[PDB]
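What follows is one structure encoded as structure tokens, with my remarks underneath.
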Amino acid sequence: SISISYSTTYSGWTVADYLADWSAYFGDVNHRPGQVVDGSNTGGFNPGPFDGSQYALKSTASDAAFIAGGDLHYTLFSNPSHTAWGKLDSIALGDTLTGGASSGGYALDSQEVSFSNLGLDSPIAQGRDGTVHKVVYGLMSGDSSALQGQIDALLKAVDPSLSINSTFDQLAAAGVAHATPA
């Protein structure tokens with residue numbers, strides 16, 4: 001089942017309001033054809049360079065950052081080009097990305113919320129139509145809609161009474177979420 005960890009700071013937030021707010025603060029790194037700049041808006045894979053158990057990206061607007069976890073791949077210039085695919089198990093959100101492939105992987109200095117056991121799996125042949133591509137590219141480009149839609153389905157599969165409009169504390173009461181100290 002989907003497992004959620006959250007800083008007690010967001011106890012009374014709905015998942016939808018947290019993710020819309022987080023995405024607004026993160027913004028859009030503008031990783032688009034003709035706007036990709038080395039050391040500015042690429043993020044990185046661990047172990048990488050183009051695959052791994054983690055993809056991490058820091059905001060160009062703020063200290064906000066996300067880490068995508070599972071078994072992830074980027075096609076780069078190979079057909080179908082510029083596609084992120086594979087297994088997405090987890091999304092961690094907060095501030096101050098640290099680490100890299102030779103430093104033990106990626107972590108957040110200030111992790112606010114993580115979603116685990118997402119059970120998402122997109123094959124390479126689906127290209128940018130894949131759910132994994134839509135979720136992670138959305139976070140990159142300041143649109144958490146695709147992530148919100150997946151979390152909503154996963155919560156309703158636990159109990160039809162739960163949704164993206166549940167507070168973190170309501171999800172703790174239903175045994176889905178666990179508070180961490182701020």
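Going by the structure tokens order, chains are called A, B, ..., each with residues numbered from 1, while ligands are numbered from 1 in the order shown.
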Selection: 6 Å around residue 115 of chain A, only C-alpha atoms, excl. self and same-chain fewer than 4 positions, as a PyMOL selection string: chain A and resi 3-4+90-91
How about saving the chosen residues, C-alpha atoms kept, as an mmCIF file, in the first residue's frame?
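File produced: part_5.cif:
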```cif
data_model
loop_
_atom_site.group_PDB
_atom_site.id
_atom_site.type_symbol
_atom_site.label_atom_id
_atom_site.label_comp_id
_atom_site.auth_asym_id
_atom_site.auth_seq_id
_atom_site.Cartn_x
_atom_site.Cartn_y
_atom_site.Cartn_z
ATOM 1 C CA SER A 3 3.087 4.837 2.530
ATOM 2 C CA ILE A 4 3.411 8.596 3.374
ATOM 3 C CA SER A 90 8.922 6.988 -4.362
ATOM 4 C CA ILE A 91 8.841 10.825 -4.484
#
```
Counting only C-alpha atoms, what are the residues of segment 29-147 of chain A within 12 Å of segment 166-174 of chain A, and for each of them which pair of atoms is the nearest and at what distance in Å, to one decimal? Sort the table by chain and rising number, as a tab-separated table.
```
residue	atom	partner	partner_atom	distance
A:112	CA	A:168	CA	11.5
A:113	CA	A:168	CA	9.5
A:114	CA	A:168	CA	11.3
A:115	CA	A:168	CA	11.4
```
Got time to write the residues from that selection, C-alpha atoms, as a short mmCIF file (atom, residue, chain, number, x, y, z; two decimals), in the first residue's frame?
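The file below, part.cif, is the result:
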```
data_model
loop_
_atom_site.label_atom_id
_atom_site.label_comp_id
_atom_site.auth_asym_id
_atom_site.auth_seq_id
_atom_site.Cartn_x
_atom_site.Cartn_y
_atom_site.Cartn_z
CA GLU A 112 8.97 17.65 4.19
CA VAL A 113 6.91 14.82 2.59
CA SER A 114 7.67 11.47 0.92
CA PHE A 115 5.26 9.12 -0.95
#
```
Calculated over only C-alpha atoms, which of the candidates A:94, A:123, A:80, A:39 has the smallest distance to residue 10 of chain A?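 Smallest distance to residue 10 of chain A is found for A:94.
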Neighbour list for segment 146-159 of chain A as a PyMOL selection string, cut-off 9 Å, only C-alpha atoms, skip fewer than 3 positions in-chain: chain A and resi 1-2+15-16+19-20+91+115+118-120+131+134-136+138-139+143+162-165+171+174+176
Return as a count of residues only the full set of residues in chain A whose backbone-based DSSP assignment is strand (DSSP E). 64
Shell of 12 Å around residue 125 of chain A, only C-alpha atoms, local chain residues under 5 positions omitted, as a list in words: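 The residues that qualify are residues 75, 78, 79, 80, 81, 83, 84, 85, 86, 130 and 133 of chain A.
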Could you please take those selected residues and save C-alpha atoms as a PDB file, in the first residue's frame?
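Generated output (again_14.pdb):
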```
ATOM      1  CA  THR A  75      16.705   7.715 -23.190  1.00  0.00           C
ATOM      2  CA  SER A  78      18.178   7.459 -28.266  1.00  0.00           C
ATOM      3  CA  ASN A  79      14.719   6.551 -29.686  1.00  0.00           C
ATOM      4  CA  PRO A  80      12.276   7.476 -28.253  1.00  0.00           C
ATOM      5  CA  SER A  81      14.392  10.548 -27.359  1.00  0.00           C
ATOM      6  CA  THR A  83      11.887   9.938 -22.332  1.00  0.00           C
ATOM      7  CA  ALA A  84      12.034   9.206 -18.547  1.00  0.00           C
ATOM      8  CA  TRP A  85      10.777   5.609 -17.906  1.00  0.00           C
ATOM      9  CA  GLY A  86      11.008   2.523 -15.623  1.00  0.00           C
ATOM     10  CA  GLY A 130       4.257   7.093 -20.040  1.00  0.00           C
ATOM     11  CA  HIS A 133       7.459  10.538 -17.625  1.00  0.00           C
TER      12      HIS A 133
END
```
Work out how far atom CA of residue 95 of chain A is from atom CA of residue 13 of chain A, in Å to one decimal.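 Computed distance, atom CA of residue 13 of chain A to atom CA of residue 95 of chain A, equals 17.7 Å.
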Record the distance separating atom CA of residue 30 of chain A and atom CA of residue 61 of chain A, expressed in Å with one decimal. 10.9 Å
Which residues, written as a list in words, have at least one atom at most 8 Å from residue 42 of chain A, with only C-alpha atoms counted and residues fewer than 4 positions away on the same chain left out?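 Listing them by chain and then by number gives residues 31, 36, 37, 38 and 57 of chain A.
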Can I get the selected residues back with C-alpha atoms, as a PDB file, in the first residue's frame?
```pdb
ATOM      1  CA  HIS A  31      14.146  21.872 -19.032  1.00  0.00           C
ATOM      2  CA  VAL A  36      18.705  22.767 -21.299  1.00  0.00           C
ATOM      3  CA  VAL A  37      21.899  24.165 -19.610  1.00  0.00           C
ATOM      4  CA  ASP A  38      24.598  21.934 -18.019  1.00  0.00           C
ATOM      5  CA  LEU A  57      16.524  17.944  -9.253  1.00  0.00           C
TER       6      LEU A  57
END
```
Alpha helix (DSSP H) per DSSP on the backbone: members of chain A, as a PyMOL selection string: chain A and resi 15-26+131-140+145-158+168-173
Measuring between only C-alpha atoms, which one of A:126, A:141, A:46, A:62 shows the shortest distance to residue 105 of chain A? A:46
